[PDB]
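Student: Here it is, the structure in full.
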Amino acid sequence: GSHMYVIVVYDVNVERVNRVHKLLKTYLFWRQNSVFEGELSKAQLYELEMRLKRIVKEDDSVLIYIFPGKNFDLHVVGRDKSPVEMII
Amino acid sequence: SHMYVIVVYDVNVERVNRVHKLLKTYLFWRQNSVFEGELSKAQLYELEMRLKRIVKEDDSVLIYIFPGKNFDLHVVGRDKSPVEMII
């Protein structure tokens with residue numbers, strides 16, 4: 001299967017925040033506050049988008065950035081909630 | 001020497017206007033708290049330094065640095081950026 005990398009930023013109303021967050025945790029890695037990322041197949045990306053589309057209503061927003069692969073660096077300014085691992 | 005960046009901020013309302021105004025000088029506001037655009041490394045280092053002197057107290061700015069603009073964006077829900085006529 002052809003594979004992509006995605007970065008998802010959502011902006012949804014507070015009544016819907018738990019349904020969007022639980023749905024995104026099934027497919028993707030929780031980075032921080034409202035940002036999810038990870039590898040997805042194309043059937044899985046279309047399934048996530050369809051299930052997101054049935055949740056979002058009424059000026060809710062989900063940004064899905066679709067990449068051919070994981071060729072990036074991430075730098076965090078401020079609080080990094082992601083735990084630090086020991087690399088020898 | 002040149003990169004594409006995607007910036008997502010999570011800042012308290014006391015400092016939010018200062019983070020938004022600074023990111024608007026360097027980058028394009030996509031929508032809600034996401035900025036993106038091209039930057040040189042001198043500009044990315046300067047933006048990050050000025051961001052570091054603003055954030056306090058569990059404020060967070062995610063800066064994703066890419067070698068170029070090789071991606072698509074799909075939006076679910078409200079698209080704030082207007083759609084243009086391409087003929």
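Within each chain, counting starts at residue 1; across the structure tokens, chains are named A, B, ... in the order shown, with ligands numbered 1 upward in that order.
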Give me, as a list in words, the residues of region 11-87 of chain A that a backbone DSSP run labels strand (DSSP E or B).

Tutor: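 Selection result, strand (DSSP E or B) within region 11-87 of chain A: residues 11, 29, 30, 31, 32, 35, 36, 37, 38, 39, 40, 41, 61, 62, 63, 64, 65, 66, 67, 73, 74, 75, 76, 77 and 78 of chain A.
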
Student: Taking only C-alpha atoms into account, what are the residues of chain B at most 7 Å from chain A, put as a list in words?

Tutor: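 Putting it all together, I get residues 52, 55, 58, 59, 60, 61, 62, 63, 64, 65, 66, 70, 71, 72, 73, 74, 75, 76, 77 and 78 of chain B.
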
Student: Among the residues of chain A, find those DSSP assigns to helix (DSSP H, G or I) from the backbone and print them as a list in words.

Tutor: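 Restricting chain A to helix (DSSP H, G or I) produces residues 14, 15, 16, 17, 18, 19, 20, 21, 22, 23, 24, 25, 26, 27, 42, 43, 44, 45, 46, 47, 48, 49, 50, 51, 52 and 53 of chain A.
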
Student: So that I have them on file, write out the residues from the current selection with C-alpha atoms, as a PDB file, in the first residue's frame.

Tutor:
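This went into part-v5.pdb:
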ATOM      1  CA  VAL A  14     -15.623  22.370  23.509  1.00  0.00           C
ATOM      2  CA  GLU A  15     -18.713  20.101  23.372  1.00  0.00           C
ATOM      3  CA  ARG A  16     -17.004  18.132  20.564  1.00  0.00           C
ATOM      4  CA  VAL A  17     -13.363  18.199  21.778  1.00  0.00           C
ATOM      5  CA  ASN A  18     -13.449  14.743  23.309  1.00  0.00           C
ATOM      6  CA  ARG A  19     -14.971  13.065  20.275  1.00  0.00           C
ATOM      7  CA  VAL A  20     -12.353  14.605  17.972  1.00  0.00           C
ATOM      8  CA  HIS A  21      -9.474  13.742  20.336  1.00  0.00           C
ATOM      9  CA  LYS A  22     -10.510  10.103  20.939  1.00  0.00           C
ATOM     10  CA  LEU A  23     -11.030   9.557  17.209  1.00  0.00           C
ATOM     11  CA  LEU A  24      -7.599  11.007  16.366  1.00  0.00           C
ATOM     12  CA  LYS A  25      -5.931   8.830  19.052  1.00  0.00           C
ATOM     13  CA  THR A  26      -7.174   5.650  17.340  1.00  0.00           C
ATOM     14  CA  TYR A  27      -5.222   6.513  14.154  1.00  0.00           C
ATOM     15  CA  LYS A  42      -4.682   6.002   2.095  1.00  0.00           C
ATOM     16  CA  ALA A  43      -7.691   3.926   3.134  1.00  0.00           C
ATOM     17  CA  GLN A  44      -7.002   4.853   6.735  1.00  0.00           C
ATOM     18  CA  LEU A  45      -6.671   8.583   5.920  1.00  0.00           C
ATOM     19  CA  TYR A  46      -9.985   8.500   4.047  1.00  0.00           C
ATOM     20  CA  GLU A  47     -11.605   6.634   6.964  1.00  0.00           C
ATOM     21  CA  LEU A  48     -10.376   9.196   9.507  1.00  0.00           C
ATOM     22  CA  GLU A  49     -11.529  12.111   7.355  1.00  0.00           C
ATOM     23  CA  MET A  50     -14.982  10.580   6.901  1.00  0.00           C
ATOM     24  CA  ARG A  51     -15.342   9.978  10.625  1.00  0.00           C
ATOM     25  CA  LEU A  52     -14.041  13.511  11.340  1.00  0.00           C
ATOM     26  CA  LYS A  53     -16.516  14.920   8.825  1.00  0.00           C
TER      27      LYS A  53
END

Student: Measure the distance from CA of residue 3 (chain A) to CA of residue 41 (chain A) in Å and round it to one decimal.

Tutor: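 Interatomic distance here is 4.7 Å.
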
Student: Name the residues in contact with region 42-50 of chain B at a cut-off of 9 Å, using only C-alpha atoms, excluding same-chain residues fewer than 6 positions from it; report them as a list in words.

Tutor: residues 77 of chain A; 1, 3, 5, 22, 23, 26 and 63 of chain B

Student: So which one's closest to residue 34 (chain B), B:54, B:13, B:85, B:7? Using only C-alpha atoms, please.

Tutor: B:7

Student: From the list B:53, B:41, B:82, B:33, which residue is nearest residue 20 (chain B) when using only C-alpha atoms?

Tutor: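 Nearest to residue 20 (chain B): B:33.
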
Student: For CA of residue 82 (chain A) and CA of residue 30 (chain A), determine how far apart the two atoms are, in Å to one decimal place.

Tutor: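 If I compute the distance from CA of residue 82 (chain A) to CA of residue 30 (chain A), I get 9.1 Å.
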
Student: When you look at residue 24 (chain B) with a cut-off of 9 Å (counting only C-alpha atoms), what residues show up, excluding the ones that are within fewer than 5 positions of it in the same chain? I need them as an MDAnalysis selection string.

Tutor: chainID B and resid 19 29 35

Student: Quote the spacing between CA of residue 84 (chain A) and CA of residue 2 (chain B) in Å to one decimal place.

Tutor: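 The value is 28.8 Å.
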